[PDB]
Structure formats: C-alpha cells, structure tokens
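A.B. asks: Fold the following.
(2 chains)
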Amino acid sequence: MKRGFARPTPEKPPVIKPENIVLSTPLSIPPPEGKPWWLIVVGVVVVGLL
Amino acid sequence: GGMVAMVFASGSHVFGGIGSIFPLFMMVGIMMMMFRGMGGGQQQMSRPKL
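C.D. replies: Numbering: from 1, shown residues only, chains lettered A, B, ... in the order given. This is the structure:
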C-alpha cells in the first residue's frame, strides 16, 4: 500500500537570458616619429666656441 | 670675418698660428648647419623613416 500523489502544473523555472557582445578593437602602435638630434648637438658647440 | 679683421687691425695678433683653430672650426660648423642641415615635413623621406 502506497500514498497517493497527483502531479500539478509545473512551477516556472528561472528564465535564461542570452547576450550578443562585440569585442573592443585593440590599440595601434604609434609609428616612429624622429628628432634631428645631431643638429642641436652641433648647435650647442658652435654657441659655446663663440 | 669682421670680428677677426677688427682684432687684427686693433693689433692683438692672438689668432696667429694655432690660435686660428677657433675661427676655423666655428666657420666649418656654421657651414654644416646652413648647407646640409635637415628638412621639414615637406621632405617626408628623412633617413630614419625611409
């Protein structure tokens, strides 16, 4: 002998929420801008020699 | 040249012989800056970028 059991309407399960995400594009390395170092080196010599 | 000439007319005679190395090196250093030197943004192909 067993106890009776009637199955009711199922309870609401917790809802799953999807997500579409697009990534951030990485930074770009700065190209090599360059100073004319030798010019100012000769400069301080000429003004000094005067 | 006027400075050296002014000193020579005044009679110091300090630039005779090796003393002349000061005017000589200066006049050469000035030549390097004005004739060759370096260009601006209009001359994009500076040695380090090319």
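
A.B. asks: now residue B:23, nearest residue through space, not along the chain?
C.D. replies: residue B:4 (5.5 Å; Cβ to Cβ, 6 or more residues apart in numbering or on different chains). The C-beta positions use only the backbone N, C-alpha and C, and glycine is treated the same way.

A.B. asks: On the three-state scheme, the one you found is what?
C.D. replies: When classified by DSSP: H, G, I helix; E, B strand; the rest coil, residue B:4 comes out as helix.

A.B. asks: same thing with residue A:38?
C.D. replies: What three-state DSSP gives for residue A:38 is helix.

A.B. asks: Can you name the residues of chain B sitting close to chain A?
C.D. replies: The interface of chain B toward chain A, taken as Cβ under 8 Å from any Cβ of the partner chain, is made up of B:22, B:25, B:26, B:29, B:30, B:32, B:33, B:37, B:38, B:46, B:48, B:49.

A.B. asks: ok, the last one - contacts?
C.D. replies: In this case it means residue B:49. Applying Cβ atoms under 8 Å, 6 or more residues apart in numbering or on different chains, we find residue B:49 in contact with A:32, A:34.
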